[PDB]
Every structure is written in structure tokens, then in C-alpha cells.
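Observations on the model geometry
This is what each chain is made of:
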Amino acid sequence: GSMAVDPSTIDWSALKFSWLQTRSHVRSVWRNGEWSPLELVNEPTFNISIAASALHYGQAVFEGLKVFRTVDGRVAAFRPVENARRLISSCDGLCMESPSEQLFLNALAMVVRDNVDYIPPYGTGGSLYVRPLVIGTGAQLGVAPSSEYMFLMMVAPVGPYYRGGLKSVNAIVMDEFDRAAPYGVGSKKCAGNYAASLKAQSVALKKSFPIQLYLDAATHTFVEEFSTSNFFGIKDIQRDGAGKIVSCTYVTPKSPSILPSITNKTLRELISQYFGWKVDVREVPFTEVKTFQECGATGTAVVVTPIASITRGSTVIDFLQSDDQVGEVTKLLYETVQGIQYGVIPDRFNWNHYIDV
Amino acid sequence: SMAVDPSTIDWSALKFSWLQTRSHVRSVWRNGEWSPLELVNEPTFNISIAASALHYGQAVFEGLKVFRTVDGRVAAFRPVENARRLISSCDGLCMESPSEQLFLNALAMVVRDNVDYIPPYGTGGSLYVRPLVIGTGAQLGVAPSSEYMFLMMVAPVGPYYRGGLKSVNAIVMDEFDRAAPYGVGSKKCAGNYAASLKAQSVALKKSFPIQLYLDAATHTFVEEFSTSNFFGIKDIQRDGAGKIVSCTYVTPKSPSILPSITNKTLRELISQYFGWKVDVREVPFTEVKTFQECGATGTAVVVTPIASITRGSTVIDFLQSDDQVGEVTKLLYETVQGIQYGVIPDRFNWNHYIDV
Ligand SMILES: [Cl-]
Ligand SMILES: [Mg+2]
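Residues numbered from 1 in each chain as written, not as in the entry; some residues may be left out. Chains lettered and ligands numbered in written order. Heavy atoms only, no water. Residues with missing side-chain atoms left out of burial classes, pairs and counts.

The record names X-ray crystallography as the way this model was obtained, at a resolution of 2.10 Å.

Going by this rule: UniProt positions are given in the numbering used here, feature names are shortened, and annotations may be inferred rather than shown by experiment.
For chain B, the PDB entry supplies the name Branched-chain amino acid aminotransferase and the organism Giardia intestinalis. In its Cofactor (unreviewed entry) section, the UniProt record describing chain B reads: "pyridoxal 5'-phosphate". Recorded under Sequence similarities (unreviewed entry), the UniProt text for chain B is reproduced unchanged: "Belongs to the class-IV pyridoxal-phosphate-dependent aminotransferase family."

Identification of chain A as Branched-chain amino acid aminotransferase from Giardia intestinalis is taken from the PDB entry. Word for word, the UniProt comment on chain A under Cofactor (unreviewed entry) is "pyridoxal 5'-phosphate". Recorded in UniProt for chain A, the comment headed Sequence similarities (unreviewed entry) runs: "Belongs to the class-IV pyridoxal-phosphate-dependent aminotransferase family."

In C-alpha cells, the structure reads:
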């Protein structure tokens, strides 16, 4: 019976990326062919069958997107239609029912309006993290798709991921670990993929690597992605007489096993249609990694994680000399995404879904 | 929702379905310890909307059976094997786990409390026991949960074969894997089963009730079925009356395979009880057509005789009718059940008796 955090007392500057109990979440339940009307729920728990399919047989997928208080005082969700469609794709891959795009967008507006006082104010660099979830809740023993599903959407304010500037990190390649089967569910944002990566995480954390890069499980010769973020590389950077970048190539792996990052898609669209440079979505052999001039990971919580080095066995590929250093194009991407998200750069590609609050 | 009245259950008509009994047993882990076991009558619990099990998949389970035996006692079949595998599955997903003794304490408690749901001797039914460990701490970052819950629930299930073994047709899923080469295929974890459902629906649409996987790494070696191990029987030799006196039990070896306790039981029966040959090794798919019998094995079925295996356009036929069944397969089925129900002496002390 725990109480909501008082929004008027939240020190936004101390926020990191943690669970925080806001006023409400929204809920809908599927049975007999239809979702029930969306409802606000104040208590951050629900009653689940001890036999729920989500707990025994893994029918559980989720999403992640951000809502922002913009420079002119409005509220916008960043590309939520992309999340609604990926949620449907994750559900389908696990034989789960899913809310339609419109039900998803209705849930978002409903939950954002009821928790509007939890959106970190403009100037904090914070945001409202949105976590949609679909889980099989029917009680069953045989291994089969559940007959009942629940769609939840919860929110929590998070602080600026980079309080005080972009920082680069060291990555390790997991040679004795896979994150996805070649013909598996690596492209679905499903619960099981994350627990299946925890053992590799602890091995990498014990060696002081905050991020783990995976190669393709089939041959272990091509870059796949990090455990919770896509991989990209930058090369062929060319500049004019003023030092301005006038050309470069953004490279990112292509594979049915890779989670299709919406931030990655955003970066590709910025590289080619906003800045007018080259984008390559193709197989990235690991031997090519040493030819990249910049390397990064991409995902909603970080936008980008600049990669200072990649370690595989005893071979080290060094991109940046210090964690203070970050790739120039990588930083440009970060600032351009954030400029659009917060309303400072005009939203040329209509990525911002404004919510009337 | 109310518990099913045990005096109204038609034991012989039961299949393998969820049924609400009197109670389950629960313990929660926090701050370094599991809480004292408690019986809970209501078959739901309050779970955080941000629970690690729901978002990041820290959820593993077990399955074993409890039997009312011929002399009136109650026994669980090899429950220490389940306790040790539960710990192994938990370790693989960086989850806390109950100790063997806590698991056995939980088992005796839930079995005694639900004794009226154990199908009586003569029914061929049993009490299926479903242990479960789940991450229950609320968290946003991907990391092992700080809180876990241990549940053990039960349901009566009927005789899987009411009226003799029945064989089935299997299909090899060439465009689907069940486990990565360096993944969690050897852990009995929730995510493995949802990840198999798409392949399952494709096979059912073609009228195949069981799906066989080859190794994800090369697709040339037998791995296992989606929820049961594979074995083959060959080199069958008989005495002058046709009694089987020699054979070879072959089952695939791989770090991706869930180590089936029923498979382990069959290997121990073949070698230590009957004195025949057991080979735990890789089985290239080209060898499958040389098996005289083929089977799937797991707790719910004991064995499923495999009548045929279809891969692409190639069909391997083992049995001509769903009525016809391989003799070694049937012997193994009857010997396991004979031990489970107390009719065959429990030479290897596999039966864990529970005071009820
Ligand atoms: Cl313990
Ligand atoms: Mg322990």
C-alpha cells in the first residue's frame, strides 16, 4: 500500500535512471477478443495468478520511450508510433495479443496527463521515461499462448543521463556468450532476452567493462549489437577549410537477430536526410571495426554511448584516449536528437508527438 | 475464486491442465535470506508492475510428480534432482534459489496440505508439482533483482495415456532455433518457452504435435524437442523367445540441452537395471534413420513414442500405426511407472516418501 512520491519535493537534479512511484499507471486487459477500456490505477501492484503464463512461459514484452517538457512549455513524446509498432512486433513474435497503435497512443496520453506534474521541468535535462508492458496473465499448465493478456503503461521521471557532458566507455566482446539464437527472438524486446544476458554482464562488470558487445551467434565474425543498445560506426570523415565536417559514413549492422533500435533509426535519418551524409545498413565484419573513426552504442536512455575502446581477448581497438573524449559526429548526433526532443531545433521529420495536457 | 472440491474431481478424465487446489507454498528472498515457508490458499499474489520477472525475464520453474502408491504411501519421484536443477537454472539467470532442504521442506508442506488432490491408486493419475522462482524487486536498469519469490503449487493431472502408449509425428524446425549455441538452453527458464511458441503454432498448423530442434550452431546434430529430450534405440538383439537382451540407448550431448531428469532416469535404467548400453554423444541428423525406436522424454509424458520425423521433404518412418509402439520404449515406460507407484522395488532410492 505504498504511497506515491510527492512530485513537488522531487530533487530533479539528483534523479538518475531508477524506478520511482508516480501517481498512476494505465491498464487494459484482453480476453475473448477485445481489450477492456483503459483505466488509471493508483496502486503500483496488481494481483497475478501464481500460474500466469508470463511467469512460467515468458509471455512478457515491453517498450521504452521518453516524454519531454519542451522549451516553450509543452509536452511531447518522442516517436511513440515507432514504439507502438515495435510492441506489436514483439508481441507477435511470442504469440501474444497486443494493443493497436491507437490504444497504445490513447494509453500514453492518458498516463501522461495523469502524471504531468512528474515531468522534469525544462532546464533539468530530465524526462519522463515511459514503460509500456504486455504480459500473458491467463492461468495455464500446458505450454501454449495465454488466453488472457494485460497491457500496462507506467512512467517514471529520470534525470539527465549525462549530468555534465558526454562520456566515452570501454566495451568488451563476449566470446563465450550469445544474446540471441540465429533463428530466435533477438529482434523482439522480450523479458527473457534480458535475464539471459545477466551472466555475461556480471563477467564483464567484474572486469570493469560497463558495456558488452556481441557478435553474431552463427559465426562469431560479424558485429551484432550490445546487450541493450545497437552498434554504429563512423568513418570517411572529411572536413572543409574551416574544419566543418562535410562528409562521412554511418555504418550499422544488419541482422534478423538485432533489436531494431528506434534511436538508431533516428540517427540514420539524421545522418542521411538532415546532414546529407552516407548511411550503410549492412553486415559489419569484426575485422572492419579497427577502421572506424568513431564508435557508439545507441538506445533511448543514453541516446548515444561513445565507445572509447573495444576489447576482444587480448586485442584492443582504441578509438578515444580518455573518457572525457567523445567522437565529434557522435556528439553532433546527441546534440541534434536532444535539440529536437526538447523543442529547440524545429521538428523537421515530425518525430514529436505533442500531448495536450 | 474458490478451490475445486476434491470429492467432485473425475480423476480418470483429468488431462494436464491447471486446477485450483487448496493452497500453494511461498517464501520470499531479501537481504540475504529466504523467509519461513508459508501456506497460501488464494492462487494469486500482489506483484509490482515493475517486477524484474515481468520486464527482464528472471523466472525459472521446475516440474515433478507426486504419486499415491500401491501400499497407500505418498512419494515424490526424484525431487532432489529438481531441487539441484532449480538452483542451476537460477544460477544461469543470476537469481537467488532455495536450498535443497528448503525445496524439500516446501514440497512436503504443500503435498500434505493438498493431500486430498492426489489422485487415488488405480486411477493412473498424479499430483504435478510446479516449483517457481521469480525476480520480484522493482527496477528500471537491467540487473539482477534484489528480491525473489519462491512458490510451489500443485495440480492433479490424469493418466497421460489412458489406454496404452500412443505414437506421434514430429517435424524438424529448420527455420527456428530454441536456444543459442552459447545461451540458456540448459536452464528451465520462462523465456525459453515463449521463444518456442511461434515455431509451435507453425507446427500445429501442419498437424505436428511435437517439434524437434537441431543444433542452432550448424543445424546438423539432433538437439531436443521444444519441451522434451530426444533418445534413439538401436542394436536391439533378442533371445530365442523374442525377449530383448541387448540394445543401445542414444541421446544427444550438448550444452544447449535441458538436462531432463526423465532422460537421466532412462539412462540409469538401461545401464544399471537392464545391463544394456548407453551412449551420450552427438547424434548427427543423418544417423536418425538408423534408429529402431525414437522417443521424446519428460516428466509429463515419461516417454512419447515417435512414429516419424519430417524434415523438409524427407520423412523418416519408425512406426506404421499410432497404435504400434517400440518395445524398449514401452519397457522403459512401464518400468518408470512401476517404480513411481511402488509396484517395482525402488532399487535406486528414487522415491522420496512424504508423511501425509
Ligand atoms: Cl535456503
Ligand atoms: Mg541460495
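Anyway, onward from the coordinates.
1. Observations concerning the overall build of chain A
As a reminder of what qualifies: Helix numbers and strand numbers start at the N terminus; a helix is a DSSP run of H or I with at least 4 residues, a strand a run of E with at least 2. Using C-alpha atoms as the atom set, the radius of gyration is obtained and then compared with a globule rule of 2.2 Å times the number of residues to the power 0.38. Here a residue-residue contact requires only that any non-hydrogen atoms of the pair lie within 4.5 Å.
Counting secondary structure elements, chain A contains seven helices and 19 strands. Rg of the C-alpha trace for chain A: 21 Å, near the compact-globule value of 21 Å for 357 residues, within the 12% margin. Judged by the C-alpha coordinates and their principal axes, chain A covers about 60 × 50 × 35 Å. Sequence separation of at least 24 residues holds for 71% of the intrachain contacts in chain A that already meet a minimum separation of 6.

2. Focus on the UniProt feature "binding site: Mg(2+)" (unreviewed entry) in chain A
Residue and element names in this part refer to chain A. UniProt's feature table lists "binding site: Mg(2+)" (unreviewed entry) at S98, given in the numbering used throughout. Tracing the backbone through its elements, the reader meets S98 in the loop between α2 (80-93) and α3 (101-114). Contact partners of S98, with chain neighbours within four places excluded, come to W35, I88 and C91.

3. Topic: the domain arrangement of chain B
As a measure of interface size, the accessible area lost when the parts come together is often cited. Residue and element names in this part refer to chain B. Which entries qualify depends on this criterion: Segmentation of the chain into domains, including their bounds, is taken from an automatic or database domain assignment. Simply put, the buried area is the total loss of 1.4 Å probe accessible area from both parts when two parts are fitted together. Any carboxyl oxygen of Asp or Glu that lies within 4 Å of a side-chain nitrogen of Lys or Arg is treated as forming a salt bridge with it. We call two N or O atoms a polar contact when they sit within 3.5 Å, provided that within protein one can donate a hydrogen and the other can accept it, with sequence-adjacent residues counted only if both atoms are side-chain atoms.
Its domain assignment divides chain B into domain 1 (6-157) and domain 2 (168-340). Measuring from the centre of the C-alpha atoms in domain 1 to the corresponding centre in domain 2 gives 27 Å. Across the boundary between the two partners, domain 1 contributes 20 residues, which contact 17 residues of domain 2. Between domain 1 and domain 2 lies a buried interface of about 1600 Å² when both sides are counted; carbon and sulfur atoms form 62% of it. It is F61, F77 and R85 that lose the most area in domain 1 upon contact with domain 2, and together they represent 35% of the buried surface on that side. Here domain 1 and domain 2 share two salt bridges between them. Taken together, domain 1 and domain 2 are joined by seven residue pairs in polar contact. Listed by contribution, the elements that provide at least two residues to the side of domain 1 that touches domain 2 are β5 (59-61), β6 (64-68) and α2 (79-92). Considering each element in turn, the side of domain 1 that touches domain 2 owes the most residues, six residues, to α2.

4. Points about the pairing of strand β18 (residues 314-317) of chain B
The two faces of the sheet receive side chains in turn, since in a regular strand these alternate between them. Residues and elements named next belong to chain B. Put simply, the rule is: Between any two strands, pairing holds if DSSP finds at least two bridges.
With four bridges joining them, strand β17 (residues 302-311) and β18 adopt antiparallel strand pairing. By the bridge assignment for β18, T310 is matched with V315. Where β17 folds back onto β18 in an antiparallel hairpin, the turn is made up of two residues, including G312, whose phi is positive at roughly 65°.

5. Some remarks on the UniProt feature "binding site: Mg(2+)" (unreviewed entry) in chain B
As annotated in UniProt, the feature "binding site: Mg(2+)" (unreviewed entry) corresponds to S97(B) in the numbering used here. Beyond its immediate sequence surroundings of up to four residues, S97(B) is in contact with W34(B), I87(B) and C90(B).

6. Describing the nonpolar core
The nonpolar side chains of a soluble globular protein tend to be buried with one another. The condition that has to hold: Nonpolar core, defined: a set of buried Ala, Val, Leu, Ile, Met, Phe, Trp, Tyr and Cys residues in which side-chain atoms within 4.5 Å join the residues together. Only protein chains enter the accessibility calculation, which uses a 1.4 Å probe; a residue whose area is less than 20% of its type maximum is buried, one above 50% is exposed, and one in between is partly exposed.
Core analysis: the biggest nonpolar cluster contains 40 residues, and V67(A), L108(A), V134(A) and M153(A) have the highest contact counts within it. It is α3(A) that contributes the most residues to this core, eight residues altogether. Excluding residues within four positions of it along the chain, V134(A) makes contact with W35(A), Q59(A), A60(A), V61(A), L87(A), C91(A), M96(A), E97(A), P99(A), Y149(A), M150(A) and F151(A). Among the nonpolar cores identified, the runner-up in size contains 39 residues, and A195(A), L19(B), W29(B) and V115(B) belong to it.

7. Concerning the interface of chain A and chain B
At the junction of the two partners, chain A supplies 60 residues and chain B supplies 61 residues. Between chain A and chain B lies a buried interface of about 4900 Å² when both sides are counted; carbon and sulfur atoms form 69% of it. On the chain A side of the interface with chain B, the three residues burying the most area are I50(A), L55(A) and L141(A), jointly 16% of the side's total. Between the two partners, chain A and chain B, sit zero salt bridges. Applying the counting rule to chain A against chain B returns 20 residue pairs in polar contact.

8. Quick word on a nonpolar patch on the surface
Residue and element names in this part refer to chain A. The line we're drawing: Residues forming no salt bridge and having over 30% relative accessible area are the ones grouped into patches, like charges within 9 Å of each other and nonpolar side chains (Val, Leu, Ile, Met, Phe, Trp, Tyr) within 5 Å. Every accessible area reported is derived by Shrake-Rupley at a probe size of 1.4 Å, with residue values counting cover from the shown protein chains alone.
Together, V71, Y122 and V344 make up a nonpolar patch on the protein surface, roughly 270 Å² of accessible area in all. Tracing the sequence through the fold places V344 in the loop between α7 (328-341) and β19 (352-354). Overall, the relative accessible area of 52% leaves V344 in the exposed class.

9. Re the domain arrangement of chain A
Residue and element names in this part refer to chain A. When its domains are assigned, chain A resolves into domain 1 (7-158) and domain 2 (169-341). Each of domain 1 and domain 2 has a C-alpha centre, and these two points are 27 Å apart. Tallying the contact residues gives 20 residues for domain 1 and 17 residues for domain 2. Buried area between domain 1 and domain 2, both sides added, is near 1600 Å², and the carbon and sulfur share of it is 62%. Counting across the interface, domain 1 meets domain 2 through two salt bridges. Two residues, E82 and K265, come together in a salt bridge whose shortest N-O distance is 3.2 Å.

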